[PDB]
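In: okay, here's the opening piece of the assembly, coordinates as they are in the complex:
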Amino acid sequence: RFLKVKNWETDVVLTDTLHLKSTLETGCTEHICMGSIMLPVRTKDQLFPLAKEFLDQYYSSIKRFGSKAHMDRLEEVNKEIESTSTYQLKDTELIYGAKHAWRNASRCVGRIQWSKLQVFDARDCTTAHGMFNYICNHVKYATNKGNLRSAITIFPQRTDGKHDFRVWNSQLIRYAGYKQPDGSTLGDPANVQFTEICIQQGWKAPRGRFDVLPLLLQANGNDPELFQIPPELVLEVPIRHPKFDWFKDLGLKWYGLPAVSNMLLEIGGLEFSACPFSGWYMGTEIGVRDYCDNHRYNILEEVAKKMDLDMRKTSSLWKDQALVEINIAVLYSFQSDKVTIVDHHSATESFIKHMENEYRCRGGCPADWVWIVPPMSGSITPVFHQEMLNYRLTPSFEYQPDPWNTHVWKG
């Protein structure tokens, strides 16, 4: 079967065949689309087909499909699964697997970069202290004094589900949030629950607006342990505006390194429950989402006040005007400090070139429009009028529930 997608701006039509390789389900049916829903211990039996599907893909990618080496590897994995109920990936397979999980990540606008991913193999890690060292090293490598490099660190795979490695933080670097007795929040409201957990575990909170959270790390299914990332490894950018000299006095800053630490990496049916990965920011992630969501730093009003915009009616578009200036300040600030950042026009233009290339060379590029279109100025970016098809390819990154909900406390 062939599926067509049209671009309503250019009239360019593309043909998707890659969707035939999709396995997992979307949440949608013939009767209902769940495209805007955010969230719509394997046996041997189910494991070997998943392993074989992966190894076939890997050997095809290296132009060794059906070779003795391919056949020998299938046999080797078969025997390992029948004997030990699981198997280990070769380092080459692990690298290929992590790169493809990114390539397949339908919500990621940054995928033009997918083949440039540094993979740190942490499968020899056994303790939380060991995890801490690996993570510090990832942060230092990825930060590279502001010349950001994409990276992923991969800890040991799931075994029986009672020995999982987990990073309890949602991102490696993120700011604390503190709910006050008067119902206001100091710092980042997104992180109040996790901050309370850290405090309960023994973290001495500075209780300021931009306190870098400690790492809370679980190895081999043990209770998690707290570690502070060395402050000298955490690159941050004070936010200022190129024309408005008062912008700096809002006291805003953000960290340079976006590093997702709460997702599960699936490769050939194996599950890597701790696999922190990082790239660099698109400006709107900070300037729109983190600063301007009502449940985040929520700075729109203050900014608009200082610009002396007419705030008596929404039709003056004061919110829109303030939002653009905030986003200008974020890009200006990162660029001035020589910290890698991409604006939403550049990122979406590059994504469309990536997507078209993937259609030609791969037969498709699964993409989630809801997440791919930036959260401001949508229609003036080239992804808005691009039709997309969303489907699930493996290897993949998957959502997992926060570990405080599932963890069995040992004491």
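Out: Great, that's in hand. Residues are numbered from 1 along each chain as shown, chains lettered A, B, ... in the order given.
In: How is chain A partitioned into domains?
Out: A:16-123+A:150-160+A:264-278+A:348-372, A:124-149+A:164-235+A:400-403, A:236-258+A:281-346 (curated CATH domains).
In: Same list (those) but as CSV, adding mean neighbour count.
Out: Bear in mind the C-beta positions are built from the backbone N, C-alpha and C, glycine included. Shown next, in CSV, are these (neighbours: other CB atoms under 10 Å):
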stretch, mean neighbour count
domain A:16-123+A:150-160+A:264-278+A:348-372, 17
domain A:124-149+A:164-235+A:400-403, 17
domain A:236-258+A:281-346, 18
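In: Output these in TSV; the columns should cover distance to residue A:379.
Out: As requested, the domains of chain A are exported to TSV (distance: least, CB to CB, whole Å):
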stretch	distance to residue A:379
domain A:16-123+A:150-160+A:264-278+A:348-372	11
domain A:124-149+A:164-235+A:400-403	28
domain A:236-258+A:281-346	12
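In: Out of the ones you listed, the one nearest residue A:8 is which?
Out: Of all these, it is domain A:16-123+A:150-160+A:264-278+A:348-372 that lies closest to residue A:8, at 12.3 Å by CB to CB.
In: What is the end-to-end distance of the closest one?
Out: 18 Å (CA to CA, to the nearest Å).
In: repeat for stretch A:34-46
Out: Rule used - CA to CA; the end-to-end distance of stretch A:34-46 is 27 Å.
In: How about stretch A:144-156?
Out: End-to-end distance (CA to CA), stretch A:144-156: 26 Å.
In: how distant is that stretch from the center of its chain?
Out: Distance, stretch centre to chain centre, for stretch A:144-156: 12 Å (CA atoms, centre = their mean, to the nearest Å).
In: so which of the domains of chain A gets nearest residue A:6?
Out: domain A:16-123+A:150-160+A:264-278+A:348-372 (11.7 Å).
In: Phi, psi for the residue most central in space within chain A please.
Out: The centroid of chain A falls nearest to residue A:260 when counting by CA atoms, centre = their mean (4.5 Å). Taking degrees, to the nearest 10, you get phi -80, psi 130 for the backbone angles of residue A:260.
In: add chain B to what we have:
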Amino acid sequence: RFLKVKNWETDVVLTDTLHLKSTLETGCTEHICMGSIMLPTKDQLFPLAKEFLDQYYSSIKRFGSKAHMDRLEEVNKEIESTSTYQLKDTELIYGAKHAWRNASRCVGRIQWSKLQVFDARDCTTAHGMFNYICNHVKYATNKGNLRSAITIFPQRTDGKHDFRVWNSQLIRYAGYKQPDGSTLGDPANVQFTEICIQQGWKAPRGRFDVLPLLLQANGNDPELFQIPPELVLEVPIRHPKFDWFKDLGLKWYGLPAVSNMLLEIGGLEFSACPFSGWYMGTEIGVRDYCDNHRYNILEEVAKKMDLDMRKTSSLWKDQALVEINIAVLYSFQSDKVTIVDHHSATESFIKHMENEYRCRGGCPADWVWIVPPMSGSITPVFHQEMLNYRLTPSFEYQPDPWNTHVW
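Out: Let me add chain B to what's already shown:
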């Protein structure tokens, strides 16, 4: 099977049961989501009529009543005999309002029950259609105090006698390919404009020429009519702060009126059913003015603002976009022509959606269309999960008639 929708901003969770009444297909499967794709007999007719009449009688608290049964009986007899049936005026009005209520792509549905329905099923000729449409335009326009309206022409019979408005909207601007290679006017309307000239329209050849209506009655070849110029309310676009903005020579029309969709009620198909409301400002200032394939005015505005256009990261496009949208709203408000900004409209839609969940068990909604084309995440619909599904009565896309009509 019962479904939850969460708002990620307010944590409020709503439960949808209405989707279980959904009938038509979405285009998605368990394997693939097509949520961002724009276009994803006597035997057949009675179940559809019954489904509709059942919902109608339930709405007036008379389900299972003698009047309910009698009407079902009457409609059955009429279908068995004539291969179709006619709606009562009450049923026609109910069906039209519910087609709007069910329109998953419409952010304006808080207004759904306040729709003026003009029954034009007695219309027989294209000149008759012209008169009805002029009256609709005048009523809806109401000297700038716009009122929602729909005008419903005769239903489809054998499909060889369709009523159709060939225009995509009742009021829209012509587009003309230039010897230059450039396009003058609205590039969206180049093909339809050519058809109009081919059918004998004397084109003025300007940037904002209101297109004539091409009306098709009873399956006949369409005929040309000009809307009286004095019935077409337009707004010149100026800016409250930038004196030079007026010098761009921009204007737009006050009345947004869709004329190319098919209204389905109780299995009956109304192929000509122009309907109109009032604008949300981004429709003009973002879509019509700034789409690359439309009037595409971003560069000119940015230049007049003297922004740094050397690099995308100055956000010059975003700055000019906001200013264009400020000018659209200011202009309509100053001339006392109804318009709603995207903050106000989306706030209203959220309130509407909560009402619909509580009173009706759900509200089908297409997030891709509901979220405004600028400043998405600062509006309350962005963080609102929505379920998209198809309920009838409905408005449906139908192919442009020149691809279909046999002359």
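In: What residue, apart from its backbone neighbours, is nearest the closest residue to chain B within chain A spatially?
Out: Going by CB to the nearest CB, chain B is nearest to residue A:35 of chain A, at 3.0 Å. Excluding its sequence neighbours, the residue lying closest to residue A:35 (CB to CB, 6 or more residues apart in numbering or on different chains) is residue B:35, at 3.0 Å.
In: number of nearby residues for that neighbour?
Out: If you count neighbours by other CB atoms under 10 Å in any protein chain shown, residue B:35 ends up with 26.
In: Please apply the same query to the one 10 residues further on.
Out: Counted with other CB under 10 Å, residues neighbouring residue B:45 total 19.
In: Could you verify my assumption that it touches residue B:79?
Out: Yes. Contact criterion CB atoms under 8 Å: residue B:45 and residue B:79 qualify, at 5.4 Å.
In: Mind listing the shared neighbours of the two?
Out: Taking CB atoms under 8 Å, 6 or more residues apart in numbering or on different chains as the contact rule, residue B:45 and residue B:79 both touch residue B:85.
In: can you give me the helices for the stretch 201-350 of chain A?
Out: Here the stretch 201-350 of chain A has its helices, by DSSP state H, counting those that start in this stretch, at A:283-284, A:291-292, A:300-306, A:318-336, A:344-362.
In: Could I get the full set of strands for the stretch 1-150 of chain A?
Out: Counting by DSSP state E, counting those that start in this stretch, one finds strands in the stretch 1-150 of chain A at the ranges A:3-6, A:13-16, A:118-121.
In: residues in contact with stretch A:311-325?
Out: Under CB under 8 Å, 6+ apart, the answer for stretch A:311-325 is A:241, A:244, A:247, A:287-288, A:292, A:300-301, A:303-305, A:307, A:309-310, A:376, B:281, B:315, B:318-319, B:322, B:325-326, B:329, B:333, B:341, B:343-344, B:374-375, B:378.
In: Output it as PDB, nothing but the C-alphas.
Out: Extracted C-alpha coordinates of stretch A:311-325, given in PDB (Å, rounded to 0.1, in the frame of the first residue of the first chain):
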ATOM      1  CA  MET A 311      -3.300  45.200  28.900                       C
ATOM      2  CA  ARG A 312      -7.000  46.100  29.300                       C
ATOM      3  CA  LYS A 313      -8.200  43.900  26.400                       C
ATOM      4  CA  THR A 314      -6.800  40.800  24.800                       C
ATOM      5  CA  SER A 315      -7.400  42.300  21.300                       C
ATOM      6  CA  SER A 316      -4.400  44.700  21.700                       C
ATOM      7  CA  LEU A 317      -2.400  41.400  21.400                       C
ATOM      8  CA  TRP A 318      -0.300  42.300  24.300                       C
ATOM      9  CA  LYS A 319       0.400  38.700  25.100                       C
ATOM     10  CA  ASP A 320       1.600  38.000  21.600                       C
ATOM     11  CA  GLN A 321       3.800  41.100  21.500                       C
ATOM     12  CA  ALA A 322       5.500  40.200  24.800                       C
ATOM     13  CA  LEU A 323       5.900  36.600  23.700                       C
ATOM     14  CA  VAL A 324       7.900  37.600  20.600                       C
ATOM     15  CA  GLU A 325      10.200  39.900  22.600                       C
END
